[PDB]
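Heads up, what comes next is one protein chain in two forms, each shown on its own as structure tokens, labelled structure 1 and structure 2.
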Structure 1
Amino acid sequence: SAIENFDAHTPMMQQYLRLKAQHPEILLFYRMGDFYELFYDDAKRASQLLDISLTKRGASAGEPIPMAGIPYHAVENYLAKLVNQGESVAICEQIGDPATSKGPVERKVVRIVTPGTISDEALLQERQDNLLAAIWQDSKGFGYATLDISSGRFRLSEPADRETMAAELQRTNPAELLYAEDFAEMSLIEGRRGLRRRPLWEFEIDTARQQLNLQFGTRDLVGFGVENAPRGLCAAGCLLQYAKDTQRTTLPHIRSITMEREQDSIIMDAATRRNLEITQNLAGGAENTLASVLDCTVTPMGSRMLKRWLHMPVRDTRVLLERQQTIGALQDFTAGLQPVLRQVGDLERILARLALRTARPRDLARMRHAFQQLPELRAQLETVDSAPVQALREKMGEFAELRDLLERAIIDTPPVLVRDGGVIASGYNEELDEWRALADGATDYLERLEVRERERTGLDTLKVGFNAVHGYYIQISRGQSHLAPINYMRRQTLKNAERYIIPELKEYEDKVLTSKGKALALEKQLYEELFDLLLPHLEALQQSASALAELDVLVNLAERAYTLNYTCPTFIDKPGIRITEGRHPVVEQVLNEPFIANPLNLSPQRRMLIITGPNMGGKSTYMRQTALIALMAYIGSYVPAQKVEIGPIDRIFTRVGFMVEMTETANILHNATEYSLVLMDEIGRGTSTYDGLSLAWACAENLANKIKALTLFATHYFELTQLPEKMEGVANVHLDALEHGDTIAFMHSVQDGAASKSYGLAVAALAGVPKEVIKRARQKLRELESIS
């Protein structure tokens, strides 16, 4: 096993190892001329993941070196295979110039691709956020922080406990999570994609204040509302140190951070988010969710924004009224605005690629195209009487200048890259038209020299061509070549031709090639100059992008209210919900039969409904529809009902039924307040008959009598219908069933009162439990009903 000290290595392997040791945990692509290459175990892994050959590399002393690699022009394809598997790559490039370089040319890692810091169009999902998060734990709480690199959205929060932290990880769903080496509660995080253990020094607070002030160009973070917040700042510090280290360029689009407080949003727990199928259904897919229904936005950025609001309802009455207003003002204007807004596309990600300086030609094209829709959007929106719509008309901006620049700079449909030129347009730079001018002897000159030399020699097989390896030539067939001028110089031989070079062609080769390299460089100077001219207006460009996404959202929720018959919610001071004719938004589109609308009435005097009714009677659904109506109302949307009054809701809790059920329930009892909506679905599990019910009863009583929260409480325990009798705030409601003949009818109708009876025997009969057994069950029931 070779001892491999520094001197045992070649100049190349020495250099490769310094850089490898900057990032020992992750794959390193190492630029060698036209190939990106990997070595040692990296090569063996790449070989297994990227389906390429594992080969070797000769060595004057000792062991051979395992090696794999791909040509430079295929990189993006392979990076996609790797980031789709949760893998990071450090990309190493050549900085220097081999000709002014005795040893190996100089080499830096210029970039690291990681699942959380990708900004390229090919490696992302259009309609779905891809966040980088940092997390860390204290002796009292959590610090958490998300950055979305391809928009600059930088956020900070300090969840108070395990279950709020869990709910946050579920909500943000980071593609990559940096977490501190001493994180205690690993069960929040174990089994998460993109997990990245970090050293504790990256979470040091004085360094975080330093990075973030530096970054934001401030002295303190008071203006951002986070000087207050050292737990969170330490995740933000780690997160930004990383973003920086993966990008290794400045990041002008990350110009701010905001704190997400408990009190600004309704905080749904983890069960709640799952039970309501907000963007992922219970089997993991995106069919039959809230979002499948509501989301008909016409730009990717507008669909992501919608999904964030759905997930994070604001509590701010002002903001909510504003959004509701906008939705009603724009009812009519949707069919005109939507086709036009669709042509804005994903402006937000393009400006991100603009700030990272990675934007390609078609990115500037689509940006130019976006600016071209701004006038038509301005004209439509002028007529809409709504101060909120006008603020969003105003934030949208116009950018006449920058539009006119991209029309005079890029051609109508440029190629995918700038590497191959043919991107910058005519008239933009008069030195460039002049450099193409000279490299337009390709048309005229060559055909003329050809026909001239064909006529002159009388050699009819004579052609003129170009070949990358040997340059220009004059071909002559093998059978005519013994007849060519003595002047003609052998350049390249072939099985049945002989190609030649004379001084007039080689002169024309020296000027085509060199004028073409001069013209390409210039084009790249000019194309990177588009960034210098576009970038100073970046602030307003991001505000334009966000304006347009918000518009896309509100216009969408305006169309959805109209189409699916939703009305405006009103807000009240105290806790309570009053629905007239509410429907479950999702279930009312999938069902082929018609949806039975039911009411609800929660107040402080009527703050807990014990809900009976048969299995399949519609109990769960009535509970979910309450939470979704409350949810849509607190994103500012119209709501699926004839009428809705609703008061302030701080937090929604769900428990849907061993230890986990009890623990979940403890948390409901410790953190629920009079402002929470609590959904308990068929809880209280014991080991003997009355064990678990005793527990639900005690729990219910705590919710009614001590916590006084708003509680929908579905049960099959008929014994809990005796709760109202005994408890202030508690009422019985029930889902009507109908036992005509021998079968059962599920009315999905909510009535007031306890049910006339439970229906368990009936459901069993339905499932084909033999008649003879149902007969005896009915006998014992009658026995049990005589105790009381």
Structure 2
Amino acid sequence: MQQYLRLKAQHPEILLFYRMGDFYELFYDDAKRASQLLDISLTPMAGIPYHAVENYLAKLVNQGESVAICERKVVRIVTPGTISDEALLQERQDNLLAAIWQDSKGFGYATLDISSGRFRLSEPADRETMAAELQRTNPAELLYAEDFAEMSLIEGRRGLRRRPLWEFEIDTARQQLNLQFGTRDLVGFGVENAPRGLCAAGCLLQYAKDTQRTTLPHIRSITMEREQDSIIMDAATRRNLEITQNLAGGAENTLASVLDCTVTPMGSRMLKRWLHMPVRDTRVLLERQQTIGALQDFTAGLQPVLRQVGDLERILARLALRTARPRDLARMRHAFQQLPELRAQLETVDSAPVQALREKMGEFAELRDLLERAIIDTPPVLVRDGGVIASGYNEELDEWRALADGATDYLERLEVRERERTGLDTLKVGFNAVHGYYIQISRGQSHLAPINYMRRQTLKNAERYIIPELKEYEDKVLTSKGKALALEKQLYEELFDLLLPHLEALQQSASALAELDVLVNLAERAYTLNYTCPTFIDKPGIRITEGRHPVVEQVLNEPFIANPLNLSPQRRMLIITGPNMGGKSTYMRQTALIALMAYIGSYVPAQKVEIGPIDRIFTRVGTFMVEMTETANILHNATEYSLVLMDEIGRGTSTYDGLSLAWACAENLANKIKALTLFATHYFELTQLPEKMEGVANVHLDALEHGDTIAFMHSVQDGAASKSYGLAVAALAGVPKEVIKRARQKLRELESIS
């Protein structure tokens, strides 16, 4: 009652689940905090049932809360970034731990996926790149120094963890890292001279190790993510492009929702990492392209088999951590049994990279056979109770089970002997913890129980008895069952000793298999959805013949209107007039997604695409202050290799201010930055730009008025727009006729000056 307080002092920053019979119960500010986060009641007490702790842990873990469980003492802790149990994770989403800190120079950043051992490090130069890395990686738990000056970056996030500055010390970090990987220096990983990144990585690794209190043999590498390697996209751009998340917070009507028909959870997670990290290096890209074309035919044969491999990545983490439960080993075995078939289907594929994926996939004949012999066809969830080791694997175990079954058989025949011998049809032998084995007669017959029967328990409508004969065989049964259970466990632990020396090759296999899932999926998508392989050019350019928006074309059952685009150094900017209504916005967004998909190595939705090198993609599409802030970010960071998409800036202030800013932005983008730009606008005055300056041109969307409506066509045409539609839309909407007549008069007089 009183001894909760002292144990809450031991871990004050973490929710304290306190065992109390059938529930775990929280008090003080833990009670308040848990009641609001879990839709359960306050009293200051709260509670959850034992049978569904893991179901409530996972929701608290999902919202950034660590949880200490007190069984007395704190015997378990789960932190949001360091879980690896399947019950606590989402199958198709990464769950990362991260660490951030700040020099007078710049930022250091590390992420770890504790289930795959995927360990990354980076060194963002400034505020904006740092924020872009946080949105992209979206860590479930975020370690930061007490020192941290730029709290604006992390303030709102879940799972913040304030750490002392000495956890970020260079030399401790190097030593910890060199020890984890078994190296003398980090040159082999290309991070030796990246001290900011390393300091973050040393804090992260220390915190991971302290949460597990176990070696982490699956974390054998770290890699550095350099800015120049990827197409940079800021938070706002990422969100607007609706890559994995839609604007409304969901996962549907998203690029992932269309491109992601992978068949294994590890493949779905890898695909989403690729979509969020397009790379500038055409070499990787052409190689992915070639794989996708080469696998076109083999797709229907590959995917059903690949689905049976399952989430080998996360199973392997539990092997590494030595928490892998029997059905984990059963599914690892099930995946090993897919490998030969997969190897046979891939043998033909004329593709150097598919053949490398084929080798790296491996076979593991020995381990397949080991687990075939070692474990039954479908074992229970836990080793705990046995019935998991297969008969014929250990001579000793088969013998103990035989002695148990033979004692148990004698007792069933004892039941039949005592029964027909006494003439009592209700007579039977049962078993429970309180009495072990007993003979049960019903009340009504119990008064004819033989006098040698020692009564031990009266029930409402039966009596139970023991005899020495019954207790003798109980001993045989329980001591046999008991040694067999201890043997099962020791044999199971030994499977871990035999499996674990092949961990490195096994992680290489699950990675290959995950990649194969991604590429085989993208191949099925390209072939299915009528995509085409884009080509790369030396100079900045985008030439698209009949491009579509990859999401909108699947998601609406209206025909989708494909469109050209021609951007070069000689034609760098299009001023897009006409109604928007989603037509311009869709056209600009589909441009960015074709760029993104090209630079992920996927085929693209078009008859043809040629595309030059892109460093960054900016899409300001969707207060005045925020439009202007995002515009400011484009004008400070865009280059002649950037793709810029602006959506009618100037809205939200005066006509002349709005037009002056738009004109000065359009001109800056065209003559100073020279970025490749689609500048959507409502200002007809801006269509005079092509005649004042080189490299700019007018396109537009039009609309046809028929019947009692107006069809907003989505066809992009050359030249400026020569009609507006605000008044036509107001008329349809029921604005009184006399008001529109007056608006039309007013419109003519305002426009006739300009």
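Here, a residue number simply tells you its place in the sequence of structure 1, counted from 1. If you superpose the two forms and keep the largest set of C-alpha atoms that fall within 1.5 Å, you have the rigid core.
Asks: Report the residue, chosen from 131, 381, 229, 502, for which the CA moves 2 Å or more between structures 1 and 2 after the rigid core is overlaid.
Replies: Of all the options, the C-alpha that shifts by at least 2 Å belongs to 502.
Asks: With a threshold of 2 Å on the C-alpha, tell me if residue 201 counts as moved between structures 1 and 2 once the core is superposed.
Replies: No, the C-alpha position differs by under 2 Å between structures 1 and 2.
Asks: Is the shift of residue 571 between structures 1 and 2 large enough to count as movement, that is, does its C-alpha move by 2 Å or more after the core is superposed?
Replies: Superposed on the core, residue 571 moves its C-alpha less than 2 Å between structures 1 and 2.
Asks: Taking the rigid core as the reference frame, tell me whether residue 750 has a CA displacement of 2 angstroms or more between structures 1 and 2.
Replies: No, the C-alpha moves less than 2 Å.
Asks: Following alignment on the rigid core, what Cα displacement (Å) is computed for residue 31 between structures 1 and 2?
Replies: A shift of 9.3 Å.
Asks: After superposing on the rigid core, how many Å does the CA of residue 690 move between structures 1 and 2?
Replies: Its C-alpha moves by 1.6 Å once the cores are overlaid.
Asks: Give me the C-alpha shift of residue 484 between structures 1 and 2, core superposed, in Å.
Replies: Shift of residue 484 at C-alpha, rigid core superposed: 7.9 Å.
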